[PDB]
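In what follows, a structure is listed as structure tokens, so that the remarks can point back to it.
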Amino acid sequence: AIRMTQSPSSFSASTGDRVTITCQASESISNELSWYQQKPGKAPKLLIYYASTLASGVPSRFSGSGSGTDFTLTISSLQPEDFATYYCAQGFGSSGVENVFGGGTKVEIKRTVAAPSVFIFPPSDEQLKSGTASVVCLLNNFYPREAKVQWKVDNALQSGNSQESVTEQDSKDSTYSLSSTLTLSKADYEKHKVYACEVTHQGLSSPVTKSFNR
Amino acid sequence: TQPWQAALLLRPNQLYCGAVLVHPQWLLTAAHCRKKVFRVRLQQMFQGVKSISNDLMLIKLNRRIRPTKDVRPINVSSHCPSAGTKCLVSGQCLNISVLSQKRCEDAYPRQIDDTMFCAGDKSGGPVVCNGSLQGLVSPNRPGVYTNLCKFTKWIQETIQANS
Amino acid sequence: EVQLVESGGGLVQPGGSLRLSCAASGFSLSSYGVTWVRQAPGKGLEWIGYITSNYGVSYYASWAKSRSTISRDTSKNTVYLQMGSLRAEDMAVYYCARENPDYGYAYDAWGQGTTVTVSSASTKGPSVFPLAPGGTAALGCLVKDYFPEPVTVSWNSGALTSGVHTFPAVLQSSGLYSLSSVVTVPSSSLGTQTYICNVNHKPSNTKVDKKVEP
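Heads up: the sequence lines are chains B, J and A, in that order.
Going by the authors' numbering, the first sequence opens with residue 25, and the numbers climb by one from there.
Letter by letter, the second sequence follows residues 26 to 67, 80 to 89, 100 to 125, 128 to 140, 156 to 174, 174A, 176 to 186, 195 to 204, 209 to 214, 222 to 246 of the authors' numbering.
Letter by letter, the third sequence follows residues 20 to 152, 159 to 239 of the authors' numbering.
Encoded structure:
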């Protein structure tokens, strides 16, 4: 009945900082411990095995330590492409085990403030022939996460009609990007003419609006 | 050494199974040594008076032996052995090292579980690690041994009910 | 090359059965055991079990023993996972991975993952609409009305990689999903380089290629 636990669940540090994350076995497992990195949307990849030996191709800033019940994974200097979730796994025994993996530690990267490159995209003709209009505001390559986008058509506030969606920190500049989609009936799209998205990032002097009209 | 080692004999020098003196009137051995007729060689020559589970067997001796230097019991450890620990298997003594249980899982045709441990390098006999009994003897494959730490109570119980 | 190719993940209705294949190339199942691990959206790695290399003995997670079976066809060098009585809690990405005994059975080669959706709904393919364009120009594709997930978006058939952001899908009120995929390019290519978005919806075996141009 070996149980594995990781700590913390979430680890935020800044670029270049030293990162240390832990893993614990409910019973001794000697050095039969492995660490896996899982980048967003990808299979896990083996980083460390026998508690401390680096796998081929793993950057030397990674290292691992411990023997028995308490284990450590360490990133000597946090790089952007280290954004991932990290799992440990025991390979000591398989019987009476609920899970060989620990719960994982998500590493998040703190960077300098970056400014949202805002764009507006008007609906497609193909979509309008179907009877539904979709205007989309793109906020590219900014940081930190929160920032608000609000929609005003004919400078009237719209509500209960907007979907919003944000990526995860980019693997090389550690930024976010975001989509705001105003979806309307093509009737209401043609009735009105002014089309405006309200941005509110803590990187801008004051709200930038990108916008169009037919 | 090996003052705890004992031999189970069939009529009359048919040597067949080993056993380990765990208390001054008690032997431990493997289950497949369940003969309903045996004698004991510990030296002194005794008879079984009680035999017991499907993993190990306790044997109560007719006489309680006075702990000597040529005959003395060995304590059954409650600490399970950890991989890397070095032990000795006797019954002619060979040195062995506890391994991960997955080495035995990967190599054996049946399921391995907690009630065994995996060990190897270069029946009824003892596996002694830190000076205490930690296992019993169940090609170039690692050996599986009975993990006595998981049984420390079944023996205590079984002794109280036959004492 | 060591490679694990998975197959068999699709839309299964509740109470149905899943059968998954992990075809190993570049190594022999008599030398490497293979594990099955699953992952629900946004959650951790959940070990299901594994099958040893020599005699093909199966070990299971305690929660999985009553409903799961892991098996091996040594002639096809293929490992299988079978599961019955499927419920919502079984919706997941399912990976197989090879256990390397020299690394103390660490998981050193992973499959691509096959997605299992437990639903009673019907498969609907994606409708793709263009998001048509100082200094740098942004293009995109709105992918709507598809079920289930995932869709894979690429640009110019895997050529255009740098600068792409594909956003997380969002479940609409329809019970169908929507998302968008955007890219930034030099504005000097907008009237020269042809930009095509390629949407692959494997659950409906559908591929849509929409040219985006100004």
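For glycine and all other residues, C-beta sits at the position ideal for the given N, C-alpha and C.
| Check | Outcome |
| --- | --- |
| First through last residue of the beta strand (DSSP E) which encompasses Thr133(A) | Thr133 to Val137 |
| Reference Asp197(B), options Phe107(B), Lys69(B), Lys63(B) and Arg85(B), closest by Cα | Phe107(B) |
| Neighbour flag for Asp177(J) against chain B, beta carbons, 7 Å | yes |
| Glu214(B) to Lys235(A) span [Cα, whole Å] | 25 Å |
| Endpoints, the alpha helix (DSSP H) within which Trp51(J) is located | Where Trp51(J) is concerned, there is no enclosing alpha helix (DSSP H), although the beta strand (DSSP E) it sits in stretches over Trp51 to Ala55. |
| For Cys232(J), three-class secondary structure by DSSP | helix |
| Extent of the continuous beta strand (DSSP E) to which residue 15(B) belongs | Given a span of 25 to 238 for chain B in the structure shown, any question on residue 15(B) remains unanswerable. |
| Where the stretch 65-82 of chain A meets chain J: residues whose CB sits under 7 Å from a CB there | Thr71, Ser72, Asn73, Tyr74, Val76 and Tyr78 |
| Residue-chain proximity (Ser33(B), chain J), Cβ-Cβ < 7 Å | no |
| Interface flag, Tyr124(A) vs chain J, CB-CB below 7 Å | yes |
| Closer than 7 Å to chain J by CB, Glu192(B) | no |
| Short Cβ contact (7 Å threshold) for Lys176(B) with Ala220(B) | yes |
| Closer than 8 Å at the beta carbon, the chain A residues around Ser58(B) | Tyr122, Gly123, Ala125 and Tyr126 |
| Rounded C-alpha distance that separates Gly115(B) from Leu70(B) | 13 Å |
| Local Cβ density within 10 Å of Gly52(A), reported as buried at 16 or more and exposed below that | buried |
| Closer than 8 Å at the beta carbon, the chain J residues around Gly115(B) | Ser164 and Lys166 |
| Chain J residues whose Cβ lies nearer than 9 Å to that of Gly120(B) | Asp177 and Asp178 |
| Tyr172(J) in three-state terms, based on DSSP | coil |
| Beta carbon of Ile144(B) nearer than 7 Å to that of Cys161(B) | yes |
| Runs of beta strand (DSSP E) lying entirely within the stretch 89-140 of chain B, each at least 3 residues, in chain order | 94-99, 108-114 and 129-134 |
| Reduced DSSP category for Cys201(J) - H, G, I as helix; E, B as strand; rest coil | coil |
| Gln197(A), DSSP secondary structure in three states | coil |
| Pair within 7 Å by beta-carbon distance, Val168(A) and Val224(A) | yes |
| Cβ distance (whole Å) where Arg119(J) is taken to contact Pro28(J) below 8 Å | 5 Å |
| Exposure of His57(J), with buried meaning 16 or more beta-carbon neighbours within 10 Å | exposed |
| Cβ of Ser54(B) within 7 Å of any chain J Cβ | yes |
| Proximity test, Cβ basis, 7 Å: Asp185(J) and chain A | no |
| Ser148(B) - DSSP class collapsed to helix/strand/coil | coil |
| CB contact below 7 Å: residue 11(J) versus chain A | Coverage of chain J is limited to positions 26 through 246, which leaves residue 11(J) absent and any answer about it impossible. |
| In DSSP terms, what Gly188(A) is bridged to | None; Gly188(A) has no bridge partner. |
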